[PDB]
Amino acid sequence: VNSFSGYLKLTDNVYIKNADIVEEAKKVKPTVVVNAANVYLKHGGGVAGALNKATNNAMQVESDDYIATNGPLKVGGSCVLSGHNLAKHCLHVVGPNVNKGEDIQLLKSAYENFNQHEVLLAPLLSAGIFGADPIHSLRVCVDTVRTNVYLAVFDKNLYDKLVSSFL
Ligand SMILES: O=C(O)C[C@H](NC(=O)c1ncnc2[nH]ccc12)c1ccccc1Cl
């Protein structure tokens with residue numbers, strides 16, 4: 001039993017809610033919140049900009065040190081950093097950004113990172129300003145992640161569309 005509330009059950013292990021992931025994180029303090037990162041960990045907009053703002057830019061400061069030491073992530077890759085005031089850990093996951101011309105095929109690899117964590121609070125990877133088809137991303141999610149994932153979808157119309165079209 002865990003402390004996620006008001007989530008609609010999609011599958012054995014995937015639940016979904018129309019909610020602001022920052023507010024969910026501040027409420028639940030999950031072990032892991034997922035960030036929809038880019039390879040440089042430059043947290044400008046979308047999930048990343050929103051999470052980082054909620055940490056008072058501490059996420060960005062930590063991320064800049066990570067990149068200075070380790071170099072960029074791979075598209076499809078991830079790293080574990082602090083969750084600051086939002087969670088114990090933040091799993092920064094790089095899905096493909098279709099608006100950068102990146103290979104949507106790498107979305108499955110991106111979701112595989114979730115399997116290294118028993119429970120996660122997460123956004124829908126590559127959705128929104130990452131420009132992928134969100135129905136497709138939800139399918140790849142449910143068909144790839146085997147651990148317990150709680151998805152927070154910001155946009156109400158998007159949430160309604162995702163629920164109504166889910167197979
Ligand atoms: O779930 C959505 O609608 C799409 C989602 N965006 C957010 O979660 C989000 N965006 C902007 N400001 C925000 N403030 C609090 C949450 C938040 C998203 C997921 C992956 C990649 C990019 C994007 Cl854009």
Side-chain angles (χ1 to χ4, degrees), residues 4-10 14-30 32-60 63 72-81 83-87 89-114 117 120-145 149-166:
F4 292 91
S5 176
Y7 284 76
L8 193 82
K9 189 175 180 61
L10 297 180
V14 181
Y15 284 77
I16 196 160
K17 187 182 180 178
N18 183 196
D20 184 325
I21 193 172
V22 167
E23 291 312 314
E24 287 293 305
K26 291 194 281 181
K27 191 170 71 73
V28 172
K29 294 297 229 73
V32 178
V33 66
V34 173
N35 181 31
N38 57 54
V39 297
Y40 307 109
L41 302 180
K42 290 175 66 66
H43 306 306
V47 176
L51 289 171
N52 176 58
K53 180 180 174 183
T55 75
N56 184 41
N57 210 51
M59 177 180 286
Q60 190 64 65
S63 293
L73 297 181
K74 303 170 178 175
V75 180
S78 71
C79 67
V80 179
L81 291 172
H84 301 276
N85 54 315
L86 303 177
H89 304 108
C90 178
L91 181 68
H92 295 271
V93 178
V94 185
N97 187 322
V98 177
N99 297 324
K100 297 175 178 176
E102 289 167 1
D103 182 12
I104 193 49
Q105 297 300 126
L106 284 174
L107 187 56
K108 187 172 184 76
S109 299
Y111 275 116
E112 286 170 344
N113 295 285
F114 288 27
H117 303 276
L120 314 89
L121 167 65
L124 190 65
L125 295 184
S126 297
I129 69 175
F130 273 60
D133 173 357
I135 294 169
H136 172 68
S137 182
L138 183 54
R139 189 76 265 161
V140 177
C141 180
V142 159
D143 293 342
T144 304
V145 183
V149 56
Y150 291 85
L151 296 167
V153 174
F154 185 87
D155 187 281
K156 173 183 184 297
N157 288 330
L158 175 58
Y159 175 87
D160 291 348
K161 175 187 185 65
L162 288 170
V163 169
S164 298
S165 62
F166 181 75

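All residue numbers in this chain count up from 1 along the given sequence. Order of listing sets the numbers, starting from 1, for every ligand and every atom in it. As a basis for the values below, the full set of heavy atoms in this structure was taken, side chains included, without hydrogen atoms, waters or symmetry mates.
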Any N or O on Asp155 sitting closer than 3.5 Å to an N or O of ligand 1?
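Between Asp155 and ligand 1, an N or O pair is found under 3.5 Å apart.
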Would one find an N or O of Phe154, backbone or side chain, under 3.5 Å from an N or O of ligand 1?
yes
Please identify which atoms of ligand 1 are closer than 4.0 Å to at least one heavy atom of [X].
X      : value
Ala36  : 20 (C), 21 (C)
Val153 : 1 (O)
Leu124 : 19 (C), 20 (C)

For the residue pair [Y] / [X], report whether a side-chain donor-acceptor contact shorter than 3.5 Å exists.
X      : Y      : answer
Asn52  : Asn57  : yes
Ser137 : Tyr111 : yes
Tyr15  : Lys9   : yes

Among all the protein's non-hydrogen atoms, which is closest to [atom], and how far away is it?
atom                     : value
atom 18 (C) of ligand 1  : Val47 CG2, 3.6 Å
atom 24 (Cl) of ligand 1 : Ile129 N, 3.6 Å
atom 21 (C) of ligand 1  : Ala127 O, 3.3 Å

Record the part of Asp20 in heavy-atom contact with ligand 1 below 4.0 Å; permitted values are side chain, backbone, both and neither.
side chain
Could you tell me whether a side-chain N or O of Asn113 sits under 3.5 Å from a main-chain N or O of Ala110, the two making a donor and an acceptor?
yes
Mark yes or no for whether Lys17, through its side chain, and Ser5, through its backbone, hold a donor-acceptor pair below 3.5 Å.
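Checked: pair present.
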Going by side-chain contact (heavy atoms from CB on, under 4.5 Å), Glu112 matches just one of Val93, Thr144, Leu107. Which one?
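Testing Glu112 for a side-chain contact (heavy atoms from CB on, under 4.5 Å) against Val93, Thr144, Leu107 leaves exactly one candidate, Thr144.
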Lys27 atom NZ: more than 12 heavy-atom contacts under 6.0 Å
yes
Aromatic ring centroids of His92 and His43 under 6.0 Å?
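Yes, they do, as the ring centres are separated by less than 6.0 Å.
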Run down the list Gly128, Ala50, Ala48 and name the one with the heavy atom closest to atom 4 (C) of ligand 1.
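Residue with the shortest heavy-atom distance to the ligand atom: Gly128.
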Given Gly46, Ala54, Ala25, which has its nearest heavy atom closest to atom 12 (N) of ligand 1?
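Selected option, by shortest heavy-atom distance: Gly46.
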